[PDB]
Amino acid sequence: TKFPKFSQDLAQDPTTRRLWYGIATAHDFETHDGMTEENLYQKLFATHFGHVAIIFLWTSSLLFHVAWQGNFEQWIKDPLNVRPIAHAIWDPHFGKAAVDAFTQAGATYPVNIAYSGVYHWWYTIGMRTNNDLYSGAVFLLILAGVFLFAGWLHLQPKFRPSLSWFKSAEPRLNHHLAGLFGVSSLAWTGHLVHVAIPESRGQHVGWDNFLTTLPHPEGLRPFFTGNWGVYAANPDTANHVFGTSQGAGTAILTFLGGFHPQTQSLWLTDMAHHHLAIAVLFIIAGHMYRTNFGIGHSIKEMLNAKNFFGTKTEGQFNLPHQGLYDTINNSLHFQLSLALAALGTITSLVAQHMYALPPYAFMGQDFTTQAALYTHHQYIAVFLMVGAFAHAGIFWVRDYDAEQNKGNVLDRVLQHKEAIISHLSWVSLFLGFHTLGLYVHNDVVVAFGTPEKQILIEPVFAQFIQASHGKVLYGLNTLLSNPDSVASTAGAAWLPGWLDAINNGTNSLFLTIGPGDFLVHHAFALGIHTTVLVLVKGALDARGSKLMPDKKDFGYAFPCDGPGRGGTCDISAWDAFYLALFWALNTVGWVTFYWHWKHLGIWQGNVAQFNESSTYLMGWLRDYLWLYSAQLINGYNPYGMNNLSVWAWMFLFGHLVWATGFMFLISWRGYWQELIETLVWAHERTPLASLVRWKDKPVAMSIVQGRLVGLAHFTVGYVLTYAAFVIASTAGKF
Amino acid sequence: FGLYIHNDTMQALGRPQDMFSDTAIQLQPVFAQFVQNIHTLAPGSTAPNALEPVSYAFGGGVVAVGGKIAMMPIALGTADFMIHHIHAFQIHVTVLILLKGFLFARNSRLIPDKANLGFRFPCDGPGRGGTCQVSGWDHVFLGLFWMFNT
Amino acid sequence: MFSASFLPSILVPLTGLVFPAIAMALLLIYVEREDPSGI
Amino acid sequence: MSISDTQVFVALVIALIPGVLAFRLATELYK
Ligand SMILES: CC1=C(C/C=C(\C)CCC[C@H](C)CCC[C@H](C)CCCC(C)C)C(=O)c2ccccc2C1=O
Ligand code: SF4
Ligand code: SF4
């Protein structure tokens, strides 16, 4: 009964699959044998503690390592050229030119290049010396340890929180949305005006001199008199250099807007004023609900309002809402799905507000770093959402009561799901058919030698929104292109600098477009459309199908329902998840390559290739597929090596595991068992080796496990090669 | 007070460096100074439609007429500290006496018949040792002595 | 190299090899334990 | 600049506080 103890059942089987199933449930708690709610709640408390602790450990790891054997200061002196340092290199199996192609930045040992980009962000926060981050590591380490101990304490009996202490929401609401970051952004603002801005202006403010010197010479005057423009004193000059005082300034909260003419990034005073704004805004948002004290908004009863002004309601916006607000407090998969969806969305938005609004210095010039970060974050984002949809699906089977929601809005959704999925299939079919037809149009027409017989569309809605934001390139004189309209005296109170910036579209700020962008954007539309299609199909079948309604009781599990009608394989409520994962991978590949080609053409300004060969797909696979790989493919060859051999190895390794995935996917478990029989027959009857016997009787794999391993191999094969390609290309072409 | 008499002894003991004014061991009531300051520059921003400060003891110019002062800014150095603190001291003890008579008016831990007997009466015999002056208006007697001092 | 000592020369193998060794050995003998005790 | 035996130091702060603290937080849940 020892392993696995958390399930007395699974420890009653002499087949190796035990081990396989032993390590695929240890993190599915509510399926263990004999643990009611509060046990789960308290141990989840502790385990979440441990998670944030190991996050802190990770941060300390990277920061201490760069503090040890890096060139952060040698990156201070010559910033725009000196390359950062990851860590040391130590492998006896290594090559020959490795040490010969590694030691740079004055180093004599095999340094490893760094790409994530902590140097820029950290110096932006105002670090100067190794000792700074040395001590930084030293103390957030003890912070992590103390947090670990805190996690341990609440395990003791006298320190066991109550289930009601978990259900009560409004205190957590207020404490978080006001006292988690509002006050924390206030503290960050204090660190900004006390440390960050001085270090930007070249003055060193340590841990002792900060007690006696001022943020502003006019300091404490508008403190309690109310002339806050005084702190908006002389701003930084048109020639200031960070870390220096050449044309310095003495303004704390400015609203300059646009960019800084040297770092081409966001202005630091705008940042401080921004943070202050949101801080006080969340604080005033803090007392917004009702607490245990006797005022405010009772969430679980605010939307329990079915009467106002005679005409009662059906609810807010005149729709039923009664009976579900306990569910968000009943289930956990619900909150988890909401959080996952939200997080994925804002992560994508982050990934979008980077290549146009450089937050830190030197961000725009160093292509490889920002490029890797962009695709990194978007990749993180994509299946982050798939997690939300999957947990929505699993919520639909476990956490759902019928009569408690009779006739509310959810049931009215379920009553008409049919038209939803039908019209969704419709729009997918339409967009796919027509985009492919236009593509093949172009292909055949250009395949005859006459390109003028071929269609060119031209998008103008994005053109109109571009000019309407204030772009003049197209000369339409509308809404800040019309400098005399009603709104032409509004916007920022420092819109002149913003206008100088945006008119200077030389940087990555809303570049012009053409027909290709029309094409690929419709392709994106299609992609997400079919992705959400398959996902919602699986979700709304989490209960049952027309030709298999029972599955609600079969579970979010294997069910195969052997060949009743031609077969019923892949009906198990996350069969859809595999399909969705494929449909997300190809989508994100499409979009990231679009971004890559766009910015690559922007690099040397030669936009001709993109617009010229975006129509027919031959151009796609000819202009950018192999026209950048010989810069990488010959990293090693029968004649020599480079600092890229490891990246070619990356390529080939990824391809290998990719095809291994196919092997696992195609062949099925009706053939890999016959030969295991005869192969057991061997050991029984050969001599001098029949001494040993079996720990446990081996059998073939399982079906679901086979599917899972195949998918894992496929995804890992897909991940590696593309990353290697993108960073190698960016660092080899500039 | 013991701090005061400590400095007294030090001055009488040829140890003048152990005094407590500016020329010796330091203490400065920064709070009053800062509040007066933030009062000095009030007009314009806090008081736009206002011409001069509310008074001239906080800040402003020394306002006068003839060879005769009308109002100048007042200076708070070291001696202010213990003076204000002994003010607070005596007010505290006054409240102590009065509130003590207030709460222990009807029932004491020894006399459970006070309100059952009155509030203007001299004593309750030499029980428990002595009990003279256990009414309330004797509490206010002592209190009025103390407020006299204050 | 730099101002640190030999340490990055030989501290990888034990973490690379021997600690995994004892890890998996202890683990295997754990997954066969008798009843009802186990360490 | 860079460091010295002080790195043996920062190693020494570990293996008592974080080490056996995490050890206990692990073994709490009955292997
Ligand atoms: C190959 C294959 C198998 C056979 C796979 C098996 C038997 C598992 C492979 C045996 C193990 C995983 C090989 C690894 C052994 C390691 C070398 C030992 C690890 C020890 C080191 C860490 C020292 C299936 O059972 C199957 C089932 C359903 C659909 C497709 C397939 C399928 O494609
Ligand atoms: S895969 Fe085999 S067992 Fe599964 S449903 Fe299909 S026929 Fe039945
Ligand atoms: S205690 Fe003193 S004052 Fe009171 S009655 Fe006795 S003798 Fe008189």
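A short reminder: the numbers here are calculations on the coordinates, not readings from a lab. Virtual Cβ from ideal backbone geometry, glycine too; neighbours counted across all protein chains shown.
Enter the Cα centre distance for the pair segment A:333-394 and segment B:46-84, rounded to the nearest angstrom.
61
For A:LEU511 and A:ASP91, FRET efficiency with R0 = 30 Å and r from the beta-carbon atoms, rounded to 0.05?
Here the calculated transfer efficiency is 0.10.
Which of the three applies to chain A, rounded, prolate or oblate, going by the alpha-carbon gyration tensor with a ≥ b ≥ c and a/c under 1.5 meaning rounded?
rounded
Using a cut-off of 26 Å between alpha-carbon atoms, which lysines can reach A:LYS2, once sequence neighbours fewer than 8 places away in the same chain are excluded?
A:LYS43, A:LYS695, A:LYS697, D:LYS31
What full-extension length gain, to one decimal in nm, is calculated for A:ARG398 and A:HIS175 as 0.36 nm per residue of separation minus the Cα-Cα distance?
Gain on extension, A:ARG398 to A:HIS175, equals 77.2 nm.
Which helices pass in chain A if a helix is a full DSSP H run, must span at least 20 angstrom along its long axis by Cα, and must have mean Kyte-Doolittle hydropathy not below 0.0?
A:37-69, A:130-153, A:268-284, A:333-352, A:367-398, A:417-446, A:515-540, A:575-603, A:645-666, A:703-733
Taking the Cα-to-Cβ direction at A:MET663 and at A:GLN415 and moving 7 Å from each Cα, how far apart do the two end points lie in nm?
For A:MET663 paired with A:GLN415, the spin-label model returns 5.5 nm.
Please determine, in degrees from 0 to 90 and to the nearest 10, the orientation of helix B:80-103 with respect to the longest principal axis defined by the Cα atoms of chain B, where the helix direction is its Cα long axis.
That works out to roughly 30 degrees.
Show me, bin by bin at 5 Å from 0, the whole-percent P(r) of segment A:1-156 based on Cα pairs.
With 5 Å bins starting at 0, P(r) equals 2, 7, 12, 12, 11, 10, 9, 9, 9, 9, 6, 3, 1, 0.
Taking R0 as 25 Å, what's the FRET efficiency between C:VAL31 and D:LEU12 from their Cβ-Cβ distance, rounded to 0.05?
After rounding to 0.05, the efficiency reads 0.10.
Out of segment B:43-150, which trypsin sites (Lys or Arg not before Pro) are coil in DSSP terms and have no more than 14 other C-beta atoms within 10 Å?
Listed in order of number, the matching sites are B:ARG106, B:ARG109, B:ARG120, B:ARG128.
Mind listing the Cα extents of segment A:43-102 along all three principal axes, in Å, largest one first?
Answer, in whole Å and largest first: 52, 35, 16 Å.
How large is Rg over Rh for segment A:523-652, taking Rg from the Cα atoms and Rh as the Kirkwood inverse mean of 1/r across Cα pairs?
We get a ratio of 1.19 for segment A:523-652.
Between segment A:234-284 and segment A:32-77, what is the C-alpha centre distance in whole Å?
Cα centres, segment A:234-284 to segment A:32-77: 33 Å.
Of A:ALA371, A:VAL699, A:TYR231, which is farthest on the positive side of the dipole of chain A, counting Cα position, with +1 on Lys and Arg Cβ, -1 on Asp and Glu Cβ, and the Cα centre as origin?
Highest projection toward the positive end goes to A:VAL699.
Name the trypsin sites (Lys or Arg not before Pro) in segment A:279-382 that are in a loop by DSSP and that have at most 12 other C-beta atoms within 10 Å, would you?
Counting only loop positions with at most 12 other Cβ atoms within 10 Å, the trypsin sites (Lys or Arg not before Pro) in segment A:279-382 are A:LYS312.
Which value in nm describes the separation of the simple spin-label points at A:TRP603 and B:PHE104, placed 7 Å from the Cα toward the beta carbon?
Distance between the two pseudo-spin positions: 9.0 nm.
What translational D, rounded to a whole number of µm²/s, comes out for segment A:587-734 from Stokes-Einstein when the hydrodynamic radius is the Kirkwood one over Cα pairs, at 10 °C and 1.306 mPa s?
After rounding, the answer is 82 µm²/s.
Would you give the gap between the C-alpha center of segment A:656-709 and the C-alpha center of segment B:104-150, rounded to a whole Å?
99
Extension gain A:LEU44-A:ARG622, at 0.36 nm per residue separation less the Cα-Cα distance, in nm?
Gain on extension, A:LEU44 to A:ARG622, equals 202.8 nm.
With all pairs of different alpha carbon atoms counted, what Kirkwood hydrodynamic radius in Å does segment B:7-67 show?
14.9
Taking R0 as 35 Å, what's the FRET efficiency between B:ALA47 and A:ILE295 from their Cβ-Cβ distance, rounded to 0.05?
0.55
Chain C: which chymotrypsin sites (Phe, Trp or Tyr not before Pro) are DSSP loop and have at most 16 other beta-carbon atoms within 10 angstrom?
C:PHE2, C:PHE6
Using 7 Å Cα-to-Cβ label points, what is the A:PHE317/A:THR15 separation (nm, one decimal)?
5.0
Find me the longest stretch of chain B that has none of the exposed chymotrypsin sites (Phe, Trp or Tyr not before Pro), where exposed means in a DSSP loop (not H, G, I, E or B) with at most 14 other Cβ atoms within 10 Å.
The longest uninterrupted stretch comes out as B:2-118.
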